[PDB]
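Close look at the chain arrangement
So you can see what is in the structure, the chains are spelled out below.
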Amino acid sequence: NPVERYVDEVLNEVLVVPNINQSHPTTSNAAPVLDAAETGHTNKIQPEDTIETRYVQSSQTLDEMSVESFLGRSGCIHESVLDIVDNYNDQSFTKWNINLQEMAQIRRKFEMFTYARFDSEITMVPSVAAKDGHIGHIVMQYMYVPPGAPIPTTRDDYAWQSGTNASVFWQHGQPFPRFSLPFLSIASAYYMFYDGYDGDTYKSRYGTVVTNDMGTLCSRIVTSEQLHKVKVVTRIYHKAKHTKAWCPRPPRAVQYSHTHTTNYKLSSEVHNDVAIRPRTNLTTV
Amino acid sequence: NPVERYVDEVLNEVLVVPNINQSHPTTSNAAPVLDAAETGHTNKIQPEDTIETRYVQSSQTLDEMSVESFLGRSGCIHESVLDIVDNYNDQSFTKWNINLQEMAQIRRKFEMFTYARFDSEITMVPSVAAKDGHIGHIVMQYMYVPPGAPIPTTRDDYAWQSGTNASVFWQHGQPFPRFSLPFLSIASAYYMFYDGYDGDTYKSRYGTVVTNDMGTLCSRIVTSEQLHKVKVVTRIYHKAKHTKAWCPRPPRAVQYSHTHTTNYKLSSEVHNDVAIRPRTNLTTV
Amino acid sequence: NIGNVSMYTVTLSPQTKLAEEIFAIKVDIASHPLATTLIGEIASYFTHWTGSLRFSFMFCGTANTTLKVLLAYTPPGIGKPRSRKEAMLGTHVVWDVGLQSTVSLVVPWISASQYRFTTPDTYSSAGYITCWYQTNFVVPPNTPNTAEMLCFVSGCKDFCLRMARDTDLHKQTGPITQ
Amino acid sequence: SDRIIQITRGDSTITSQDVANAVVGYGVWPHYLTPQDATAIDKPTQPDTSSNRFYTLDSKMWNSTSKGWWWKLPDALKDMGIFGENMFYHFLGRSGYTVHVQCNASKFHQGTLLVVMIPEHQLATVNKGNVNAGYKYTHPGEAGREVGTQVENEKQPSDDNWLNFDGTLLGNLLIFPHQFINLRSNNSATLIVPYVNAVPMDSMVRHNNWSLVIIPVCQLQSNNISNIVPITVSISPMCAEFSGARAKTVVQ
Amino acid sequence: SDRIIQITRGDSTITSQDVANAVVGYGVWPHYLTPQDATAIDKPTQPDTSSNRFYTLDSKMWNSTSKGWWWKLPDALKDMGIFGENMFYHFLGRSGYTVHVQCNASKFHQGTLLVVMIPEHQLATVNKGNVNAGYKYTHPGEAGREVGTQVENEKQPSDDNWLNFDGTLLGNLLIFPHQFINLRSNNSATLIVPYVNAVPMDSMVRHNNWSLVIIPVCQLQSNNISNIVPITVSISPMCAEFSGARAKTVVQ
Amino acid sequence: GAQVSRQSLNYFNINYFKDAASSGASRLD
Amino acid sequence: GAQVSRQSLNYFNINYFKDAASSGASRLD
Amino acid sequence: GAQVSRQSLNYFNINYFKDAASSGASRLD
Ligand SMILES: Cc1cc(CCCOc2c(C)cc(-c3nnn(C)n3)cc2C)on1
Ligand SMILES: Cc1cc(CCCOc2c(C)cc(-c3nnn(C)n3)cc2C)on1
Ligand SMILES: *C(=O)CCCCCCCCCCCCC
Ligand SMILES: *C(=O)CCCCCCCCCCCCC
Ligand SMILES: *C(=O)CCCCCCCCCCCCC
Ligand SMILES: [Zn+2]
């Protein structure tokens, strides 16, 4: 019943954990505690098998541990800066080659999977710093330039006409812009990792750069030059919606160094590069 | 079922492409690959006819390629400037002879058809540049003056009363103005091209200027003179809704030079005037 | 040839060496010289493409001129064929010129991914089309020793474009005035 | 039209607007080996479209003095893609073929080619006692053999086209599957032949099942001799299947 | 007995009298591409028994100082009979595998190998900025890579076994299909993996789908060190099918 | 302006203004 | 876009925009 | 989230968000 299901949604009780049943003393030639990890399987022994348990009714739910929940939180993926210093025409617009690899927090979470398919929700948080005192009337334009479309080279480039590309205009004072984007890949899922090249020569590129081109985000202050200089910083937040993930993998153990690559750097004292805290010895808790 | 149709809308699966069927080796005196282009018809041969194909279920849809989608994107068609320099009364208002020929991006798309019929959605993006520091309280008036109605000659002209004409007032800080306009032509469709004149003499006008008069857009800063001078730039965006198009034609190959005319200019090195990139020779890919 | 109708024709003539190459181009829908064709122009208003392409060729020689040509499509993952033998191993059509002037070669959708980028992208380059002499251009005496050929392109039933974008095949470098 | 033909095999399609019908050798269409006729017990590999496709051999030039040409199958295809690989990686092989000979000229040219498919064309040597044709000479590959060009060697086969290179008269070659390419009538010949042998499968490296022989019986003539008139052969295996997989056999 | 196993593929049969069960990667048995998931429209070639058979790679020596070994698929099989030929003659390929790692010692030897199959094992470089692993280094072929032997070059991948050669901790490799070869328990490991990718078929020349990683987690020790203890890997493709036939791709 | 369908999955195709030009993008075919 | 359930406890799962990407977080399982 | 009662005096106890914490003050007793 969709209504019962609805109640479960509201209470967050869609996925319930099993109860613990009462167990008793045993004397058997069936030893559940003994097994063989060589098989590559985890011994499914439960508490009732190794001790005498009481009956307990579980009320815990796994809803929050769902992939939708894990990746369904909006996090920052880019900080765009437009700092008017001495040349408005050159400093009033910029561009970014879109990717979800520049911020460690969300990158690490997505990378716990090999392939992921999801729709995106983008929320932008623009903040205008009044460097000289007033901010005037700031109107921003964020244009999505898919790979192939002409990238504007000046603040008045014809490409800004956005005759076909999707543009979002924001007026200072109005609520934060937000829009959704359908799964964009040309494949069935996004590659979080890609053990391949775009060719078979010594100079072929390796990794997700080959498969994950999302195009360019071009921004510009629509307002013409003003007396007082401003510094507009637009923070882009991304959230995954309607998510699916395949083949889980180990979490990133060392810091990230670059986008589209698993490369890392190690110091002379590697224990400083990982989160493992050295133990005094085996018996010191 | 309107509900099933609705689901198709949400999923964008209204127009599905056909599947590829499995084919087999053939030895026949029926040769589909052979035909005669002289007829003016395209040979309808499909992959199954020239190679041995496998069965494949298509999931691609043509929805996005619909005329509604192609022309249903809002693009800039005019940039109105009101720059207060030294005379408020003269510089606080202006007028534009409406047309969709001044911006290449949307112009080229509409011109891929000979006749088009559609309703219009206009969205305006005003940005006030504080030239002297403050912007005060900016209130704008955009009045549509149909051909024949009196055009205001001063910022306080009686025509601004808008006793009958449609005017839109915008207050700085409020969301972007937007309104719709029904198909305006006196004919059944708009002429994208017109091989005709408004008379039969050597001085008769040629082209769409004869048939596409939409009137005038008159703008003015309603606010009276302020201490600090401002520069208001209003960008008009246009989108076609409920569209129909007839007789497709070749896309514009060279830059546009003027409105209402197909005129163009050629340099001494024509290969620079078209998008064709010179080939080294016939066999150099 | 640009700026001349001759940029649309390929000239054929009696060969002295066998299996000579006639022409070679990329199959990528928005690459040159396909870019300015109607399908290339429309594909440039989209970011993704998929489907099979139909290439047709019409012979313009005299009614008494004969010729057999091999048209081949080479799927990606290899360089363009260096010889007829190399090309012949891929998808191909042997065209015999006769009463019916036109022939069609279909470039099947053979890709790893369901779609490819319309813009030149290494990962999604679709391969090549090469044309070679199967036999030779033969004519009787007193007949022009060269002939032209016209090349056409259109999409098959499975052709489809996706994700609308602005075209890079046209620009505006200044105001358009009255 | 009965003058037109389209043959599609795998990823290849061949056309001709001037054919003289097609011949199916001995009236049997090629087919896979049935369990009643089989002898080797391992499961056969059947490459299907990757081997059963048209392979075009090296073109030859036909001139007023040409004496003939011949190719042997499967030898001629030993270096042709997947089909070639399979015949060397396996002890046993079996296959039928679609042979399409191409030759166009003009309505002012004349000449006639006799295209024949001979089963077990055991070549002879002339005036060399009991010395038989050497392996190397009966395995020219895609290049085939141009009759009357090779500088004689002891193991060199007969080049007597009128004696069928085997001691029988040319005029009786018509008893074998054949067609004529009479320039005034057609510009191609098509022969589909089934697998013919006294055993269900055989070594493709040491036994050539069919021999393609092309002899010009009517001299090529025209008033525009400078225009070269080539002959091109395209052969497509059919129902190719192999058995007895191992390492690749390297010959010589 | 649950300790015994026999795996027959094509013309090859492999046995082991001391196994630790078998693992089927992600619980999915390999299978041919269905028409609903397909995208390439030409008919696939399916070599069957001539490609879906066990291929034994070069053996390696396991000693007290070994750090590990790794092979990438399908790279490791690029030069293996019919399977190899097919991956170079076709643009697209698709395949699953049965991986059987072999290593016997004695009841007086001790040591443990962690055998893992990693999908999309995108290797990292250490302290080399944004320079990525070179094509040549991630395509060692049947020889695979001996961790800790290669004289560093700029494009040389990471040899840090404890960081999985990619920046993640060794102890968590168990999240991937795996097995252990604990000398006191078993003398082999068997993993059957299905085709895993974001596309139905792919280029086998430029994309390695799976990586076989073998890391000794428990040092090999015995009182008879002179006796060499090798590690041998036999891999069998499953449901191999290829598409997009053309000339043979030659790499380098 | 409400086109109420039922299937329950009810559709509400509301037209907020009284002029046809005011409605959004058209349906296809 | 309205999925009207009844139990009375009526549920209204409205989809305000016409693209599936526009909807909120997915339901579980 | 709509608890539709009828008596006509119809009650619409709508719950706009999907978490119980989001609702307003509780009813009494
Ligand atoms: C894997 C994977 C998936 C993605 C897509 C991320 C979404 O990227 C964007 C962003 C952040 C903004 C815009 C954007 N901003 N403003 N507009 C109009 N579009 C478009 C895309 C595709 O990136 N990598
Ligand atoms: C063909 C063809 C079709 C059109 C009509 C374009 C719509 O033109 C406008 C615009 C851009 C603004 C206003 C307008 N702006 N503000 N108001 C109150 N009306 C009215 C029209 C007719 O122009 N050429
Ligand atoms: C159509 O012609 C009129 C559009 C009316 C707009 C209001 C829509 C909201 C209706 C809510 C009524 C709730 C029913 C009891
Ligand atoms: C779904 O496809 C359309 C979504 C419509 C949004 C409007 C929802 C409000 C409906 C109120 C109608 C009141 C009923 C009389
Ligand atoms: C409860 O779970 C969903 C809450 C939905 C909020 C929208 C309420 C307005 C509903 C108007 C529908 C009008 C009926 C035709
Ligand atoms: Zn102030």
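Parameters at a glance
- For every chain, the first residue of the written sequence is numbered 1 and the count continues from 1 onward along that sequence, whatever numbering the entry uses; residues with no coordinates are hidden.
- Written order decides the labels, with chains lettered from A and ligands numbered from 1.
- All reported values concern the displayed chains, which form part of a larger assembly.
- The side-chain numbers reported here are obtained from all heavy atoms of the structure, hydrogens and water having been left aside.
- Counted as donors are N, O and S atoms no farther than 2.8 Å from the metal, or 3.2 Å for Na, K and Ca; water is not among the atoms, and sites may therefore look incomplete.
- Note on conventions: DSSP H or I runs of at least 4 residues are helices, E runs of at least 2 residues are strands, and numbering of each starts at the N terminus.
- Throughout this description, buried means an accessible area under 20% of the type-specific maximum (1.4 Å probe, protein chains only), exposed means over 50%, and partly exposed covers the range between.
- Residues belong to a common nonpolar core when they are buried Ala, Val, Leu, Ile, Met, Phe, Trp, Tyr or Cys residues joined through side-chain atoms within 4.5 Å.
- Residues count as neighbours in contact if any of their non-hydrogen atoms are within 4.5 Å of one another.
- Convention adopted: a line fitted to C-alpha atoms gives each axis, helices being fitted over their contacting stretch, and angles between N-to-C directions are expressed from 0 to 180 degrees.
- Every angle not falling under 35 degrees, over 145, or within 65 to 115 is termed oblique; those three ranges are roughly parallel, roughly antiparallel and roughly perpendicular.
- Should DSSP find at least two bridges between two strands, the strands are taken to pair.
- Here a residue is considered near a molecule or strand provided that any single heavy atom belonging to it is located within 4 Å of it.
- Only the protein chains shown count as cover for residues, and the accessible areas themselves come from Shrake-Rupley with a 1.4 Å probe.
- Charged means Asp, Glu, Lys or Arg here, nonpolar means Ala, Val, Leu, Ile, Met, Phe, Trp, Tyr, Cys or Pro, and polar covers whatever is left, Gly included.
- Basic side-chain nitrogens of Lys or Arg form a salt bridge, by our definition, when they fall within 4 Å of a carboxyl oxygen of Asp or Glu.
- Nitrogen and oxygen atoms within 3.5 Å of one another constitute a polar contact, given that in protein one can donate a hydrogen and the other can accept it, and given that sequence-neighbouring residues count only through two side-chain atoms.
- In this scheme, patches are assembled from residues that exceed 30% relative accessible area and form no salt bridge. Like charges are connected within 9 Å, while nonpolar side chains (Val, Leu, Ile, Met, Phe, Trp, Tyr) are connected within 5 Å.
- Between 30 and 60 degrees the pair is tilted, below 30 it is stacked and above 60 it is edge-to-face, where a pair is any two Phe, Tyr or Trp rings, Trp via its six-membered ring, whose centres lie within 6.5 Å.
- The criterion is that NZ of a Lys, or CZ of an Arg, lies within 6 Å of the ring centre and within 35 degrees of the ring normal, and then a charge sits over that ring.

Its PDB record attributes the structure to X-ray crystallography, giving the resolution as 2.8 Å.

Per the PDB entry, chain C carries the name PROTEIN VP3 and comes from Human rhinovirus 16. Its official PDB title, as written in the record, is "HUMAN RHINOVIRUS 16 COAT PROTEIN IN COMPLEX WITH ANTIVIRAL COMPOUND VP61209".

In the nomenclature of the PDB entry, chain A is known as PROTEIN VP1 of Human rhinovirus 16.

A word on the coordination of the zinc ion (ligand 6)
At 2.2 Å from the zinc ion (ligand 6) lie its protein donor atoms, namely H134 of chain A (NE2) and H134 of chain B (NE2). Residue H134 of chain A is found in the loop between β3 (113-130) and β4 (139-145), and its partner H134 of chain B is found in the loop between β5 (113-130) and β6 (139-145); the two belong to separate chains. The class of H134 of chain A is partly exposed, set by a relative accessible area of 28%.

As for the nonpolar core
With 157 residues, the main nonpolar core has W95 of chain C together with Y97 and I214 of chain E as its most contacted residues. The leading source of residues in this core is β5 of chain B, at seven residues. Excluding anything up to four places from it in sequence, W95 of chain C contacts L34 of chain B, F57, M58, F59, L67, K68, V69, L71, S101, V103 and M149 of chain C together with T15 of chain D.

So, the packing of helix α1 (residues 81-89) of chain D against helix α1 (residues 81-89) of chain E
Relative to each other, α1 of chain D and α1 of chain E sit at 170°, their axes nearing to 11 Å. When the axis of α1 of chain D is compared with that of α1 of chain E, the two are roughly antiparallel. Counting all contacts with α1 of chain D, which are made through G81, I82, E85, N86 and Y89 of chain D, the residues of α1 of chain E involved are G81, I82, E85, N86 and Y89 of chain E.

Quick notes on the sheet that holds strand β10 (residues 178-182) of chain E
All names here are of chain E. Spatial strand order, β9-β6-β12-β8-β10: five strands in an open sheet with antiparallel pairing. Each end of this open sheet is capped by a strand with a single partner; those strands are β9 (145-146) and β10. Here strand β6 (residues 69-73) pairs with β9 via two bridges, running antiparallel. Bridge assignment links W70 to a residue of β9, and that residue is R145.

Notes on the site of ligand 1
Residue and element names in this part refer to chain A. Near ligand 1, the surroundings consist of 15 residues, among which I98, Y144, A166, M214 and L217 are the closest. In the complex, 97% of the free accessible area of ligand 1, which totals 570 Å², lies under the protein chains. Contributing elements (two or more residues each) for the shell around ligand 1: β3, β4 and β6 (178-181). Grouping the amino acids of the shell around ligand 1 by side-chain chemistry returns 15 nonpolar, no polar and no charged.

Brief notes about the pattern of salt bridges
Applying the stated rule across the entire model yields 41 salt bridges over all chains. Here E9 of chain A makes a salt bridge to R27 of chain G, at a shortest N to O gap of 3.5 Å. Of this pair, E9 of chain A sits in helix α1 (residues 2-11) while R27 of chain G sits in the segment after β2 (9-14), which puts the two residues in different chains. For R27 of chain G, a relative accessible area of 45% translates into the label partly exposed. The residue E79 of chain A makes a salt bridge to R235 of chain A at a minimum N-O spacing of 2.8 Å. Of the two residues, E79 of chain A sits in strand β1 (residues 75-83) while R235 of chain A sits in strand β9 (residues 230-248), which places them 156 residues apart along the sequence. Take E79 of chain A: its relative accessible area is 40%, and that puts it in the partly exposed class. A residue is classified by how much of its surface remains accessible, and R235 of chain A, at 28% relative accessible area, is partly exposed. Among the ionic contacts, a cluster of salt bridges with common partners joins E121, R178 and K239 of chain A.

Digging into the site of ligand 4
Around ligand 4 lies a shell formed by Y6 of chain B, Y11, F12, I14 and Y16 of chain F together with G1 and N15 of chain G. Residues close to ligand 4 are split across chains B, F and G. Taking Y6 of chain B, its side chain carries an N or O atom lying 3.2 Å from an oxygen atom of ligand 4. A distance of 2.3 Å separates an oxygen atom of ligand 4 from a polar atom in the backbone of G1 of chain G. Protein chains shield 55% of the accessible area of ligand 4, which is 480 Å² for the free molecule. Across the shell around ligand 4, the residue classes tally to five nonpolar, two polar and no charged.

Examining a nonpolar patch on the surface
Taken together, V4, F12, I14, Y16 and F17 of chain F make up a surface patch of nonpolar side chains, about 560 Å² in accessible area. Under the relative-accessibility criterion, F17 of chain F is labelled exposed at 56%.

Quick notes on the packing of aromatic side chains
Per the stated rule, a full pass over the model turns up 27 aromatic pairs over all chains. Consider the rings of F118 of chain B and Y190 of chain B, whose centres lie 5.0 Å apart with planes at 55°: the pair is tilted. Taken together, the residues span a long stretch of sequence, with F118 of chain B in strand β5 and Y190 of chain B in strand β9 (residues 190-191) at a distance of 72 residues. The exposure class of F118 of chain B is buried, given its relative accessible area of 3%. With a relative accessible area of 10%, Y190 of chain B lands in the buried category. Both rings, one in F23 of chain C and one in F57 of chain C, keep their centres 5.8 Å apart while their planes meet at 35°; by these two values the pair is tilted. Residue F23 of chain C is located in strand β2 (residues 21-26), and its partner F57 of chain C is located in strand β4 (residues 53-59); the two are separated by 34 residues in the primary sequence. Classification of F23 of chain C by relative accessible area gives buried; the value is 5%. Through a chain of ring-to-ring contacts, three or more aromatic side chains come together here, namely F110, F118, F183 and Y190 of chain A. The ring centre of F193 of chain A lies 3.9 Å from the NZ or CZ of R249 of chain A, which sits over that ring. The ring of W70 of chain D has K72 of chain D sitting right over it, with the charged end atom 5.3 Å from the ring centre.

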